[PDB]
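K.L.:
Pasting in a structure now, in structure tokens, and then I'll have a few things to ask.
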2 protein chains.
Amino acid sequence: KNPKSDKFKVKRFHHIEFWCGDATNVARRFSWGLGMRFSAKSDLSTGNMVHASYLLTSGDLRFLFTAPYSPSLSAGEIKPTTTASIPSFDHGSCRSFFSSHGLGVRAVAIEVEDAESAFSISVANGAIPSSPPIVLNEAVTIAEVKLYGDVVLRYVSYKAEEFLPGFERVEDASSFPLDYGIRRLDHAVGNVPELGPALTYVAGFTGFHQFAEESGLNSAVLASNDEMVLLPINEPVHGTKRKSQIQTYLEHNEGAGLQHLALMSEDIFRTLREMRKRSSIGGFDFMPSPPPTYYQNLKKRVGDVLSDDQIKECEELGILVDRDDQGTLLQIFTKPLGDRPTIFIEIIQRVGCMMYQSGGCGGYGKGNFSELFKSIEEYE
Amino acid sequence: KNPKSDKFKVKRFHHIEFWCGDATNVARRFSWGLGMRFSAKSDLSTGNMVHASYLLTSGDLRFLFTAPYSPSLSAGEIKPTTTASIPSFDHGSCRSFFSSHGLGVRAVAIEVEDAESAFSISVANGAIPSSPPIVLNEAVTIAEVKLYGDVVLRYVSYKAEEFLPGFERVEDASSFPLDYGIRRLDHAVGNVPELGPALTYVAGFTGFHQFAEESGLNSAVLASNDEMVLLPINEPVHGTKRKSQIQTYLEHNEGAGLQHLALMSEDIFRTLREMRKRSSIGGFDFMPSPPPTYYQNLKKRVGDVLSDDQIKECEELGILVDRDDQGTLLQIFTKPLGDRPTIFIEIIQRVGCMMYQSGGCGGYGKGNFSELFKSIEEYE
Ligand SMILES: Cc1cccc(C)c1-n1c(=O)c2cc(C(=O)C3=C(O)CCCC3=O)ccc2n(C)c1=O
Ligand SMILES: Cc1cccc(C)c1-n1c(=O)c2cc(C(=O)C3=C(O)CCCC3=O)ccc2n(C)c1=O
Ligand SMILES: [Co+2]
Ligand SMILES: [Co+2]
């Protein structure tokens with residue numbers, strides 16, 4: 001059941017912004033590791049004396065990396081005269097965020113019809129304001145409300161139907177056309193100490209509905225009207241055999257924040273071949289693969305969806321498979337993206353639910369908790 | 001003339017430590033960009049609850065990348081019970097350094113016969129102490145004094161004749177044997193507001209001597225007895241046509257600090273081929289190449305050292321050539337390593353001065369200031 005109760009018109013995920021100590025090194029590492037092209041910049045070379053921001057793209061996926069310059073460079077500016085291209089940016093906020101949490105996601109940005117209306121309606125319905133609507137070059141409006149922890153939900157609306165005003169398209173020489181098949185953000189997942197209050201807050205100001213659904217967590221998924229914006233949230237379950245990875249997250253992150261980004265691939269086998277080639281030469285590492293029994297047991301579970309060759313290729317790449325009543329999910333998880341055992345990435349591809357493909361087809365892999373534990377003891 | 005006035009026995013450069021916001025992403029970027037292998041680690045997986053430190057090596061070159069964890073992880077520790085593998089590390093110091101300067105070099109480490117003696121003699125001769133000698137596992141002694149700005153000169157001495165106690169050798173699977181030919185640190189260069197006082201201070205506590213020698217700078221080089229540890233220092237020259245790059249450094253760095261690391265290659269043509277292949281896929285960019293007139297004029301200057309083919313290969317890779325009375329220098333400079341126009345890297349190879357090769361053979365490229373300006377107007 002989908003009551004379609006969005007309190008304002010939401011379109012799709014627009015971008016994810018990481019707050020960094022050095023945006024250049026994180027952006028270059030991510031570009032190589034994920035196969036994303038350098039698409040736009042806002043920095044000293046574009047007149048921005050406040051922050052360095054670099055945009056990577058792969059298909060419709062947009063990753064922004066931002067770091068502060070010395071405040072001395074902009075000490076004469078005031079907000080009316082700022083050279084920042086993202087007017088919500090604040091040196092103190094960014095340094096405090098990075099000191100507290102390490103490298104991680106500051107903003108989950110969604111495109112809406114009217115960011116000023118979305119902001120007003122959100123705050124009227126309980127959202128804690130973070131940055132009020134600001135119109136950039138009479139062309140784009142951006143506004144921010146608190147989502148959880150120090151993560152904001154950023155509203156972006158466009159008059160037209162680039163990236164942001166003040167960003168420039170990087171030079172072709174500096175823009176190598178990397179592409180490992182990643183195409184869009186499927187979902188963005190938060191970790192909180194208490195699920196109930198978090199859900200009530202976010203669903204309260206968005207009108208997002210709950211998407212139709214002992215391993216250390218309880219979870220729920222909030223979804224927009226067409227279920228294309230998907231925001232799962234996890235809480236820990238205490239007193240378990242193995243320590244909850246949600247609680248480890250909260251400890252090392254200094255509280256709530258974004259846990260993982262799930263990136264849809266048009267060909268998860270190519271994406272994983274390309275990412276695994278680069279794991280030890282600057283890219284990303286993946287979690288340890290499941291035992292071979294897990295892949296033996298895939299025949300009974302998804303033998304009607306994947307061939308034996310396609311199953312065998314899942315086995316060499318360490319890909320996980322889950323299935324609901326509507327579709328099938330291929331997924332795999334990276335090791336944490338930086339120093340702390342906090343944020344990681346999920347690569348996914350969904351099969352089924354053809355109408356375009358409806359959102360969340362195949363679920364989120366919750367069935368892989370039981371299948372992994374089963375396969376663990378089976379191969380033992 | 002070399003008075004050989006070292007006040008304690010100095011051997012060679014040992015390592016360079018970068019202070020980072022996220023050590024993982026900087027280390028992975030540098031590994032791919034420079035062709036250095038992951039060699040050792042000290043982090044949560046080795047019991048270090050204080051800092052994450054990753055060591056990259058290429059030949060004898062050692063780059064260490066360190067970032068702080070949340071202080072909450074080690075809140076119960078005191079210095080006698082610390083899990084830090086580098087006992088000089090301090091969360092506040094590291095966050096303050098990175099907030100002030102951005103990504104950059106905290107420590108220039110040299111190996112000495114006795115780090116405790118070097119520390120005592122240095123401080124007796126004017127060195128400002130930074131971290132007193134500490135013996136690690138009865139095997140290694142480390143001590144630190146201020147060099148310039150917030151950069152320290154780190155003394156390391158070994159009883160035996162790994163890396164540091166508490167570091168572990170990374171797994172083979174995570175240790176890809178990258179190698180683009182870089183073999184050791186040739187020199188490490190500081191930028192200061194006033195050269196005179198800086199030289200007097202450092203030469204005062206080390207006994208290092210001045211090495212035998214309008215473009216925006218004055219410089220001088222301090223050298224150990226065998227001239228294998230080389231520490232040039234630059235000051236700006238104000239009121240020039242083009243703004244001094246030393247003054248730009250000081251402004252964006254918030255004062256004095258390390259300007260560049262010069263890395264000796266055993267084959268600069270292979271190193272630059274490999275680095276330039278990777279510039280736009282996560283590696284390092286190089287400064288704009290000199291005009292073709294510069295390479296036309298190489299025939300008259302170094303036609304007795306480099307063939308026409310070897311000169312032509314300098315031209316395609318953008319390599320610079322200078323010559324003193326003793327040897328010839330091939331060199332090239334990267335663009336800044338991170339967000340700020342501060343630290344960069346020089347790749348060099350020296351030809352001549354065979355005895356082993358004596359230190360500083362061919363100089364530091366000061367002749368390339370005049371040759372570049374000459375070539376600029378010539379090709380105009
Ligand atoms: C990757 C890893 C590292 C260390 C410990 C553990 C438990 C894991 N880990 C996961 O985090 C994980 C996450 C999801 C997942 O994506 C997800 C959602 O997107 C929203 C609903 C809740 C949920 O589970 C699915 C399966 C998972 N599995 C199977 C897994 O093992
Ligand atoms: C790389 C760059 C970017 C923007 C502006 C400029 C001036 C430069 N730049 C250099 O920084 C540069 C540095 C050295 C050098 O290594 C060096 C030493 O190691 C110690 C003695 C002083 C000295 O000059 C030599 C030649 C150089 N040249 C030729 C050059 O153009
Ligand atoms: Co997921
Ligand atoms: Co140099």
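How things are named: the first chain in the structure tokens is A, the next is B, and so on; residues count from 1 in each chain; ligands count from 1 in the order shown.
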Taking only C-alpha atoms into account, what are the residues of chain A at most 6 Å from chain B, put as a PyMOL selection string?
P.N.:
chain A and resi 21-22+24-26+28-29+32+174+176+280-282+338-339
K.L.:
For ligand 4, list the contacting residues at 8 Å or closer, counting only C-alpha atoms and all ligand atoms, as number ranges by chain.
P.N.:
B: 187-189, 232, 260-262, 346, 364-365
K.L.:
Could you pull out the strand (DSSP E or B) residues of stretch 209-343 of chain A, going by DSSP on the backbone, and write them as a PyMOL selection string?
P.N.:
chain A and resi 209-210+217-223+230-236+257-265+286+320-323+327-334
K.L.:
Please identify all polymer residues within 8 Å of stretch 157-164 of chain A, counting only C-alpha atoms, omitting same-chain residues fewer than 2 positions from it, and present them as a PyMOL selection string.
P.N.:
chain A and resi 40+85+111-115+136+139-142+155+166-169
K.L.:
Name each residue within 7 Å of ligand 2, counting only C-alpha atoms and all ligand atoms, as a PDB file with N, CA, C and O atoms, in the first residue's frame.
P.N.:
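See out14.pdb below for the written result:
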```pdb
ATOM      1  N   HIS B 187      65.588  16.020  -1.401  1.00  0.00           N
ATOM      2  CA  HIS B 187      65.606  17.192  -0.537  1.00  0.00           C
ATOM      3  C   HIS B 187      64.176  17.567  -0.190  1.00  0.00           C
ATOM      4  O   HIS B 187      63.230  17.181  -0.878  1.00  0.00           O
ATOM      5  N   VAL B 189      61.970  21.047   1.164  1.00  0.00           N
ATOM      6  CA  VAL B 189      62.127  22.490   1.032  1.00  0.00           C
ATOM      7  C   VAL B 189      61.058  23.194   1.851  1.00  0.00           C
ATOM      8  O   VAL B 189      59.874  22.871   1.735  1.00  0.00           O
ATOM      9  N   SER B 215      62.934  36.274  -9.411  1.00  0.00           N
ATOM     10  CA  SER B 215      61.976  35.195  -9.626  1.00  0.00           C
ATOM     11  C   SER B 215      61.150  34.919  -8.377  1.00  0.00           C
ATOM     12  O   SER B 215      60.650  33.802  -8.197  1.00  0.00           O
ATOM     13  N   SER B 219      66.808  31.973  -1.565  1.00  0.00           N
ATOM     14  CA  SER B 219      66.896  30.628  -1.024  1.00  0.00           C
ATOM     15  C   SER B 219      68.309  30.343  -0.546  1.00  0.00           C
ATOM     16  O   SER B 219      69.271  31.006  -0.936  1.00  0.00           O
ATOM     17  N   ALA B 220      68.411  29.337   0.317  1.00  0.00           N
ATOM     18  CA  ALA B 220      69.682  28.776   0.743  1.00  0.00           C
ATOM     19  C   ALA B 220      69.434  27.328   1.132  1.00  0.00           C
ATOM     20  O   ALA B 220      68.304  26.932   1.420  1.00  0.00           O
ATOM     21  N   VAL B 221      70.497  26.531   1.128  1.00  0.00           N
ATOM     22  CA  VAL B 221      70.390  25.095   1.362  1.00  0.00           C
ATOM     23  C   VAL B 221      71.277  24.718   2.536  1.00  0.00           C
ATOM     24  O   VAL B 221      72.487  24.979   2.513  1.00  0.00           O
ATOM     25  N   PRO B 232      66.720  22.840   1.792  1.00  0.00           N
ATOM     26  CA  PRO B 232      66.595  24.215   1.297  1.00  0.00           C
ATOM     27  C   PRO B 232      65.461  24.959   1.990  1.00  0.00           C
ATOM     28  O   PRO B 232      64.477  24.365   2.450  1.00  0.00           O
ATOM     29  N   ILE B 233      65.611  26.282   2.059  1.00  0.00           N
ATOM     30  CA  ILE B 233      64.606  27.174   2.630  1.00  0.00           C
ATOM     31  C   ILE B 233      64.481  28.392   1.722  1.00  0.00           C
ATOM     32  O   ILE B 233      65.492  28.934   1.260  1.00  0.00           O
ATOM     33  N   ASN B 234      63.240  28.805   1.452  1.00  0.00           N
ATOM     34  CA  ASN B 234      62.908  29.954   0.616  1.00  0.00           C
ATOM     35  C   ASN B 234      62.249  31.047   1.446  1.00  0.00           C
ATOM     36  O   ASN B 234      61.482  30.764   2.370  1.00  0.00           O
ATOM     37  N   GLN B 245      55.392  33.312  -5.632  1.00  0.00           N
ATOM     38  CA  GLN B 245      54.742  32.067  -5.250  1.00  0.00           C
ATOM     39  C   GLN B 245      55.052  31.684  -3.810  1.00  0.00           C
ATOM     40  O   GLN B 245      54.265  30.957  -3.193  1.00  0.00           O
ATOM     41  N   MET B 287      52.908  20.789 -13.755  1.00  0.00           N
ATOM     42  CA  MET B 287      52.912  22.169 -14.203  1.00  0.00           C
ATOM     43  C   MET B 287      52.920  22.217 -15.731  1.00  0.00           C
ATOM     44  O   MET B 287      53.315  21.252 -16.388  1.00  0.00           O
ATOM     45  N   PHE B 333      57.944  19.478 -11.949  1.00  0.00           N
ATOM     46  CA  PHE B 333      57.149  19.814 -10.774  1.00  0.00           C
ATOM     47  C   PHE B 333      55.690  19.465 -10.985  1.00  0.00           C
ATOM     48  O   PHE B 333      55.113  19.769 -12.036  1.00  0.00           O
ATOM     49  N   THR B 334      55.092  18.856  -9.965  1.00  0.00           N
ATOM     50  CA  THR B 334      53.655  18.642  -9.997  1.00  0.00           C
ATOM     51  C   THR B 334      52.912  19.934  -9.679  1.00  0.00           C
ATOM     52  O   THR B 334      53.461  20.882  -9.116  1.00  0.00           O
ATOM     53  N   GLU B 346      58.459  17.490  -6.571  1.00  0.00           N
ATOM     54  CA  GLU B 346      59.425  17.565  -7.655  1.00  0.00           C
ATOM     55  C   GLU B 346      59.943  16.160  -7.902  1.00  0.00           C
ATOM     56  O   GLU B 346      60.222  15.427  -6.951  1.00  0.00           O
ATOM     57  N   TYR B 364      69.886  22.594  -7.866  1.00  0.00           N
ATOM     58  CA  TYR B 364      68.465  22.537  -7.540  1.00  0.00           C
ATOM     59  C   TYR B 364      67.600  23.136  -8.641  1.00  0.00           C
ATOM     60  O   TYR B 364      66.376  23.202  -8.489  1.00  0.00           O
ATOM     61  N   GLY B 365      68.195  23.529  -9.762  1.00  0.00           N
ATOM     62  CA  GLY B 365      67.435  24.032 -10.881  1.00  0.00           C
ATOM     63  C   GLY B 365      67.272  25.527 -10.906  1.00  0.00           C
ATOM     64  O   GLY B 365      66.414  26.029 -11.642  1.00  0.00           O
ATOM     65  N   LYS B 366      68.072  26.261 -10.127  1.00  0.00           N
ATOM     66  CA  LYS B 366      67.937  27.712 -10.090  1.00  0.00           C
ATOM     67  C   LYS B 366      68.163  28.327 -11.463  1.00  0.00           C
ATOM     68  O   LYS B 366      67.587  29.375 -11.774  1.00  0.00           O
ATOM     69  N   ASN B 368      66.962  27.291 -14.134  1.00  0.00           N
ATOM     70  CA  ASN B 368      65.745  27.174 -14.923  1.00  0.00           C
ATOM     71  C   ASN B 368      64.806  28.361 -14.753  1.00  0.00           C
ATOM     72  O   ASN B 368      63.844  28.474 -15.517  1.00  0.00           O
ATOM     73  N   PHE B 369      65.052  29.241 -13.781  1.00  0.00           N
ATOM     74  CA  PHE B 369      64.275  30.476 -13.712  1.00  0.00           C
ATOM     75  C   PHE B 369      64.610  31.390 -14.885  1.00  0.00           C
ATOM     76  O   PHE B 369      63.712  31.915 -15.555  1.00  0.00           O
ATOM     77  N   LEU B 372      63.609  29.646 -18.337  1.00  0.00           N
ATOM     78  CA  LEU B 372      62.174  29.633 -18.603  1.00  0.00           C
ATOM     79  C   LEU B 372      61.693  30.996 -19.082  1.00  0.00           C
ATOM     80  O   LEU B 372      60.946  31.091 -20.064  1.00  0.00           O
TER      81      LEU B 372
END
```
K.L.:
I'd like the contact shell of residue A:258 - 8 Å cut-off, only C-alpha atoms, skipping same-chain residues fewer than 5 positions apart - returned as a PyMOL selection string.
P.N.:
chain A and resi 104-105+151+188-191+343
K.L.:
Which neighbours of residue B:208 fall inside 10 Å, counting only C-alpha atoms, when residues of the same chain fewer than 2 positions from it are skipped, and could you give them as a PyMOL selection string?
P.N.:
chain B and resi 2-8+10+199+202-206+210-211+221-225+227+229-231
K.L.:
Based on the selection just made, write N, CA, C and O atoms of those residues as a short mmCIF file (atom, residue, chain, number, x, y, z; two decimals), in the first residue's frame.
P.N.:
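Below is the file that was written, part.cif:
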```
data_model
loop_
_atom_site.label_atom_id
_atom_site.label_comp_id
_atom_site.auth_asym_id
_atom_site.auth_seq_id
_atom_site.Cartn_x
_atom_site.Cartn_y
_atom_site.Cartn_z
N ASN B 2 83.08 22.42 2.64
CA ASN B 2 82.18 21.68 3.53
C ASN B 2 82.87 21.55 4.88
O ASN B 2 83.71 20.64 5.06
N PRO B 3 82.54 22.41 5.84
CA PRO B 3 83.21 22.35 7.15
C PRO B 3 82.88 21.11 7.96
O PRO B 3 83.58 20.84 8.96
N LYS B 4 81.86 20.35 7.58
CA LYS B 4 81.46 19.11 8.26
C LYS B 4 81.26 19.35 9.76
O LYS B 4 81.93 18.77 10.62
N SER B 5 80.30 20.23 10.06
CA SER B 5 80.10 20.74 11.41
C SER B 5 78.86 20.16 12.10
O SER B 5 78.42 20.72 13.11
N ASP B 6 78.30 19.06 11.60
CA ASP B 6 77.15 18.41 12.24
C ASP B 6 77.42 18.20 13.72
O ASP B 6 78.44 17.62 14.11
N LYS B 7 76.48 18.64 14.55
CA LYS B 7 76.65 18.52 15.99
C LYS B 7 76.28 17.14 16.51
O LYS B 7 76.52 16.86 17.69
N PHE B 8 75.72 16.28 15.66
CA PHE B 8 75.47 14.88 15.99
C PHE B 8 75.49 14.08 14.69
O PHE B 8 75.41 14.65 13.60
N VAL B 10 74.35 12.19 11.69
CA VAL B 10 73.15 12.10 10.87
C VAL B 10 73.40 11.10 9.75
O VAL B 10 74.48 11.09 9.15
N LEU B 199 67.41 30.23 8.76
CA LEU B 199 68.70 29.57 8.57
C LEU B 199 69.50 29.56 9.86
O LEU B 199 70.04 28.52 10.27
N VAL B 202 67.97 26.87 12.32
CA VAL B 202 68.18 25.46 12.01
C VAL B 202 69.67 25.12 11.98
O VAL B 202 70.10 24.10 12.53
N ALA B 203 70.47 25.93 11.28
CA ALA B 203 71.91 25.66 11.28
C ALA B 203 72.48 25.76 12.68
O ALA B 203 73.44 25.04 13.02
N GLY B 204 71.87 26.59 13.53
CA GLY B 204 72.35 26.74 14.90
C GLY B 204 72.24 25.47 15.72
O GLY B 204 73.15 25.14 16.48
N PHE B 205 71.11 24.74 15.59
CA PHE B 205 70.97 23.55 16.42
C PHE B 205 71.43 22.26 15.74
O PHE B 205 71.67 21.27 16.45
N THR B 206 71.60 22.25 14.42
CA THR B 206 72.07 21.05 13.74
C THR B 206 73.56 21.07 13.44
O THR B 206 74.17 20.00 13.31
N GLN B 210 75.91 25.52 4.95
CA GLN B 210 75.31 25.99 3.71
C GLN B 210 75.93 25.26 2.52
O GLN B 210 77.16 25.26 2.34
N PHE B 211 75.08 24.63 1.72
CA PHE B 211 75.52 23.88 0.56
C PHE B 211 75.92 24.84 -0.55
O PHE B 211 75.29 25.88 -0.75
N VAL B 221 70.50 26.53 1.13
CA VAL B 221 70.39 25.10 1.36
C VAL B 221 71.28 24.72 2.54
O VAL B 221 72.49 24.98 2.51
N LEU B 222 70.69 24.08 3.54
CA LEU B 222 71.43 23.50 4.65
C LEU B 222 71.66 22.02 4.39
O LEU B 222 70.76 21.34 3.89
N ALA B 223 72.85 21.52 4.72
CA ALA B 223 73.23 20.16 4.39
C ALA B 223 73.97 19.50 5.55
O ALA B 223 74.72 20.15 6.28
N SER B 224 73.77 18.18 5.69
CA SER B 224 74.52 17.40 6.66
C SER B 224 75.95 17.19 6.15
O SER B 224 76.32 17.63 5.07
N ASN B 225 76.75 16.47 6.94
CA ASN B 225 78.19 16.33 6.66
C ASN B 225 78.45 15.74 5.28
O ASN B 225 79.29 16.25 4.52
N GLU B 227 76.25 15.64 2.94
CA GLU B 227 75.34 16.35 2.04
C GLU B 227 74.28 15.42 1.46
O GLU B 227 73.83 15.61 0.33
N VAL B 229 71.46 14.67 3.58
CA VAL B 229 70.27 15.33 4.10
C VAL B 229 70.36 16.79 3.66
O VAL B 229 71.30 17.49 4.03
N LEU B 230 69.40 17.22 2.85
CA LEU B 230 69.43 18.54 2.22
C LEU B 230 68.12 19.25 2.51
O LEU B 230 67.05 18.74 2.17
N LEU B 231 68.22 20.43 3.12
CA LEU B 231 67.06 21.19 3.57
C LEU B 231 67.14 22.61 3.03
O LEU B 231 67.57 23.53 3.74
#
```
K.L.:
Mind checking which residues fall within 12 Å of residue A:128, counting only C-alpha atoms, ignoring those fewer than 2 positions away in the same chain, and posting them as a list in words?
P.N.:
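In the requested form, the answer reads residues 119, 120, 121, 122, 123, 124, 125, 126, 130, 131, 132, 143, 144, 145, 146, 147, 148, 149, 150, 151, 152, 153, 201, 202, 204 and 205 of chain A.
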K.L.:
Limited to N, CA, C and O atoms, could you put the picked residues into a file as a tab-separated table (two decimals), in the first residue's frame?
P.N.:
```tsv
chain	number	residue	atom	x	y	z
A	119	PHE	N	10.80	23.76	1.66
A	119	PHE	CA	11.37	24.18	2.93
A	119	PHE	C	10.27	24.64	3.88
A	119	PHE	O	10.18	24.19	5.02
A	120	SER	N	9.40	25.53	3.38
A	120	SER	CA	8.33	26.08	4.21
A	120	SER	C	7.41	24.99	4.72
A	120	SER	O	7.11	24.93	5.92
A	121	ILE	N	6.95	24.11	3.83
A	121	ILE	CA	6.08	23.01	4.24
A	121	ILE	C	6.80	22.09	5.21
A	121	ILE	O	6.22	21.63	6.20
A	122	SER	N	8.08	21.79	4.95
A	122	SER	CA	8.80	20.91	5.87
A	122	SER	C	8.86	21.50	7.28
A	122	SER	O	8.60	20.81	8.26
A	123	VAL	N	9.24	22.77	7.39
A	123	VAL	CA	9.42	23.39	8.69
A	123	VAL	C	8.06	23.55	9.38
A	123	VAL	O	7.94	23.30	10.58
A	124	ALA	N	7.02	23.89	8.62
A	124	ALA	CA	5.67	23.94	9.18
A	124	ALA	C	5.25	22.58	9.74
A	124	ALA	O	4.38	22.53	10.62
A	125	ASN	N	5.84	21.50	9.24
A	125	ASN	CA	5.51	20.15	9.67
A	125	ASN	C	6.62	19.51	10.50
A	125	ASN	O	6.74	18.28	10.54
A	126	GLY	N	7.43	20.32	11.17
A	126	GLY	CA	8.33	19.83	12.19
A	126	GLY	C	9.79	19.77	11.80
A	126	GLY	O	10.62	19.51	12.67
A	130	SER	N	17.92	24.18	8.62
A	130	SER	CA	19.37	24.24	8.63
A	130	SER	C	19.92	25.39	7.81
A	130	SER	O	20.83	26.08	8.26
A	131	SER	N	19.37	25.62	6.62
A	131	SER	CA	19.73	26.74	5.78
A	131	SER	C	18.49	27.17	5.02
A	131	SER	O	17.86	26.33	4.36
A	132	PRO	N	18.12	28.44	5.08
A	132	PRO	CA	16.88	28.88	4.45
A	132	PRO	C	17.02	28.91	2.94
A	132	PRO	O	18.14	28.87	2.41
A	143	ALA	N	17.73	24.82	-0.34
A	143	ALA	CA	17.35	24.96	1.05
A	143	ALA	C	17.67	23.65	1.75
A	143	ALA	O	17.77	22.60	1.11
A	144	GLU	N	17.86	23.71	3.07
A	144	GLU	CA	18.32	22.56	3.83
A	144	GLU	C	17.59	22.46	5.16
A	144	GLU	O	17.40	23.46	5.86
A	145	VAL	N	17.20	21.23	5.52
A	145	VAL	CA	16.65	20.94	6.84
A	145	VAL	C	17.43	19.76	7.41
A	145	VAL	O	18.07	19.00	6.68
A	146	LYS	N	17.39	19.63	8.73
A	146	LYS	CA	18.10	18.52	9.36
A	146	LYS	C	17.41	17.20	9.05
A	146	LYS	O	16.18	17.11	9.07
A	147	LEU	N	18.21	16.18	8.74
A	147	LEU	CA	17.69	14.84	8.47
A	147	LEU	C	17.90	13.92	9.67
A	147	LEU	O	16.94	13.42	10.25
A	148	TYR	N	19.16	13.68	10.03
A	148	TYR	CA	19.54	12.98	11.25
A	148	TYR	C	21.00	13.31	11.52
A	148	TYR	O	21.76	13.60	10.59
A	149	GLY	N	21.38	13.30	12.80
A	149	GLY	CA	22.72	13.71	13.17
A	149	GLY	C	23.07	15.07	12.60
A	149	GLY	O	22.31	16.04	12.73
A	150	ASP	N	24.21	15.14	11.92
A	150	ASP	CA	24.62	16.36	11.24
A	150	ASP	C	24.45	16.25	9.73
A	150	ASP	O	25.07	17.01	8.97
A	151	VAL	N	23.61	15.32	9.28
A	151	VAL	CA	23.26	15.16	7.88
A	151	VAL	C	22.04	16.02	7.58
A	151	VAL	O	21.07	16.02	8.36
A	152	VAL	N	22.07	16.74	6.47
A	152	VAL	CA	20.92	17.55	6.05
A	152	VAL	C	20.27	16.93	4.83
A	152	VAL	O	20.90	16.28	3.99
A	153	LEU	N	18.96	17.14	4.73
A	153	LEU	CA	18.21	16.90	3.51
A	153	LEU	C	18.18	18.22	2.75
A	153	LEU	O	17.67	19.23	3.26
A	201	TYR	N	9.95	11.80	12.90
A	201	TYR	CA	10.42	13.12	12.50
A	201	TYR	C	10.44	13.26	10.98
A	201	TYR	O	9.83	14.18	10.42
A	202	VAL	N	11.16	12.38	10.28
A	202	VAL	CA	11.33	12.55	8.84
A	202	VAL	C	10.00	12.35	8.11
A	202	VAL	O	9.65	13.15	7.23
A	204	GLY	N	7.21	12.81	9.30
A	204	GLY	CA	6.35	13.91	9.71
A	204	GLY	C	6.48	15.14	8.84
A	204	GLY	O	5.48	15.78	8.50
A	205	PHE	N	7.71	15.50	8.44
A	205	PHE	CA	7.85	16.72	7.65
A	205	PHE	C	7.86	16.48	6.14
A	205	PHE	O	7.63	17.43	5.38
```
K.L.:
Considering only helix (DSSP H, G or I) as DSSP defines it on the backbone, what residues of stretch 184-367 of chain B qualify? List them as a VMD selection string.
P.N.:
chain B and resid 195 to 206 245 to 253 268 to 277 292 to 296 298 to 302 308 to 317 367
K.L.:
Determine, counting only C-alpha atoms, which protein, DNA and RNA residues have an atom within 7 Å of an atom of residue A:320; residues of the same chain fewer than 2 positions away are not included. Present the result as a PDB file with C-alpha atoms, in the first residue's frame.
P.N.:
```pdb
ATOM      1  CA  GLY A 318      31.401 -12.101  -4.370  1.00  0.00           C
ATOM      2  CA  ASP A 322      18.149 -11.733  -2.566  1.00  0.00           C
ATOM      3  CA  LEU A 330      22.065  -8.405  -6.828  1.00  0.00           C
ATOM      4  CA  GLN A 331      24.176  -6.543  -4.250  1.00  0.00           C
ATOM      5  CA  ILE A 332      27.631  -6.259  -2.723  1.00  0.00           C
TER       6      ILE A 332
END
```
